[PDB]
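The next block holds one structure in the form of structure tokens; read it before the comments.
What follows draws every value from the coordinates through simple rules; no lab data is involved. FYI the Cβ positions are ideal-geometry reconstructions off the backbone, even for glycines, and counts take in every protein chain you see.
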Amino acid sequence: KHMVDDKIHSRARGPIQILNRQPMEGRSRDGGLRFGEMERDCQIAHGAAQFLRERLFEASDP
DNA sequence: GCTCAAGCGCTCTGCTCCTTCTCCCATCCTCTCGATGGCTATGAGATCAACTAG
């Protein structure tokens, strides 16, 4: 039952939550992906400070 | 009978045991199922601050 047509999802400035102005959840609600603690961890190891700021502040909830 | 002792109870850690208390338990993603959610009136008095004239 795993048809790719039900797994593809992309987000570009869609709806945001009400408690926090962060992107919604679930492709059904046009929500973005979660840049979690391990992702920030790997970006820290990279040293991409500007990319980390863009992901966690600029592209999430300015 | 005149000074070193022997004890002595009281206090100060302290040492270990037992008990109690707070936190903690990978990431991301999809879907459905259920629960939830509140909606007295109508009138009476009385004050007050802003228009509308004087």
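Taking only segment A:17-36 into account, find how many residues are under 12 Å from the mean Cα position of the chain (by Cα) and either of a type in the set (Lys, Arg) or assigned to a helix (DSSP H, G or I) (or both). Give the derivation first.
Here is the first cut: in segment A:17-36, the ones under 12 Å from the mean Cα position of the chain (by Cα) are A:22-27, A:30-36.
Remaining after also requiring either of a type in the set (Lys, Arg) or assigned to a helix (DSSP H, G or I) (or both): A:27, A:34.
Qualifying residue count, segment A:17-36: 2.
Return the pair list, or none, for Cβ contacts closer than 7 Å from residues in segment A:23-51 that are among the small types (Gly, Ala, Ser) to residues that are within 8 Å of DNA strand B (Cβ to nearest atom) and part of a loop (DSSP other than H, G, I, E, B), at least 6 apart or on different chains.
A:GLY31/A:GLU25
Checking A:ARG11 against (1) surrounded by 13 or more Cβ atoms within 10 Å (Cβ to Cβ); (2) touching a residue at least 24 places away in the same chain (Cβ under 8 Å), which single condition isn't satisfied?
Of the numbered conditions (1) surrounded by 13 or more Cβ atoms within 10 Å (Cβ to Cβ); (2) touching a residue at least 24 places away in the same chain (Cβ under 8 Å), the odd one out for A:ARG11 is (2).
I need the full set of residues from segment A:45-62 which are aliphatic (A, V, I, L, M), surrounded by 10 or more Cβ atoms within 10 Å (Cβ to Cβ), over 11 Å from the mean Cα position of the chain (by Cα) and in a helix (DSSP H, G or I), in order please.
Passing the criteria: A:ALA49, A:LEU52.
Quick one: in segment A:1-41, of everything that is closer than 17 Å to A:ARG55 by Cβ and small (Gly, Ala, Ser), which residue is farthest from DNA strand B (Cβ to nearest atom)?
This residue is A:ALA12.
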